[PDB]
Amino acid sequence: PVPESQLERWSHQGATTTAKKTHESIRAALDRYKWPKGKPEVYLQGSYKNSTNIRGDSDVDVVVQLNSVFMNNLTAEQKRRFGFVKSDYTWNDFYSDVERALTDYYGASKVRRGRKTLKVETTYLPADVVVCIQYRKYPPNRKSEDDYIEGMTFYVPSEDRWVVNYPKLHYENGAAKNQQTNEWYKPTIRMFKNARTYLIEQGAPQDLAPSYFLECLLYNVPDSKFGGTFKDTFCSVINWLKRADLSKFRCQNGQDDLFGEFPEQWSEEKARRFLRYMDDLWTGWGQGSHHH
């Protein structure tokens, strides 16, 4: 087993002050721009937003979301029934406006286009800025204009595909679980993140447990497994996961399946590998060996 004080150290949160100033910096850049078709909202997502950052110097995940228009899953007839009209302002236009705003503020050398994000070197931390449009997921019987689930969506030009995320729901649901576990959920995420990273530093696979997938995996664990001590939490969580049916796990946003064939999803075999390494870490810590 792993000593409690070691697990408790692994549960510590990295500083967030520099990350908040990174967020405030991006927001100030966009506040200075003259927006032709709606001013986007700017919020954080990722570990800093969810209080699961294990360092204070990791990249800041920023969402820049246009809400004056929305993409959706409606058919043309359903859009008509709701009185929606086509926006002539596209995701591409909005992206170009966001990029111009950031470039005007930080300088061209500090703003560059990534695969899925605009990457910005601020005077604080690097920011990964997701430029997205509000997404409305309507139910299969589409009857009322207000009955939808809100996410966001963005285009990936190098892959000719659209991504739909639900970061606000990811945050809301993680906070709710943290409330209901008497605040053990987020420290437990960080404990496992630091345990994973400790193993990666010693030579374990780089993709042993990508942070987002690890949060989603732990989100599916019953609240009763979190609490008491970190030692009891480590074992109760891991022992439950070893016996669980992973196939029906949902992401923390409550909408998507965690495991599947799409590029946003994980695989059960990778999840099982993570559990094996945590098992070995636990049983391996206090044990002596010798050559056979």
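Start at 1 with the first residue shown and count on from there.
- Mean C-alpha B-factor is higher over 258-266 than over the other stretch, the pair under comparison being 258-266 and 64-72.
- The mean Cα B-factor in the deposited entry runs higher for 110-118 than for the other of 110-118 and 182-190.
- Remark: of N165, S211, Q206, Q134, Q206 shows the highest value [criterion: C-alpha B-factor in the PDB entry].
- Ranked by C-alpha B-factor against the other modelled residues of its chain, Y33 falls in the highest third.
- Ranked against the other modelled residues of its chain, the C-alpha B-factor of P139 as given in the entry falls in the highest third.
- In the PDB entry, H23 places in the middle third of its chain by CA B-factor.
- Among all modelled residues in this chain, the alpha-carbon of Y105 has a temperature factor (C-alpha) in the highest third.
- Ranked by C-alpha B-factor against the other modelled residues of its chain, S58 falls in the highest third.
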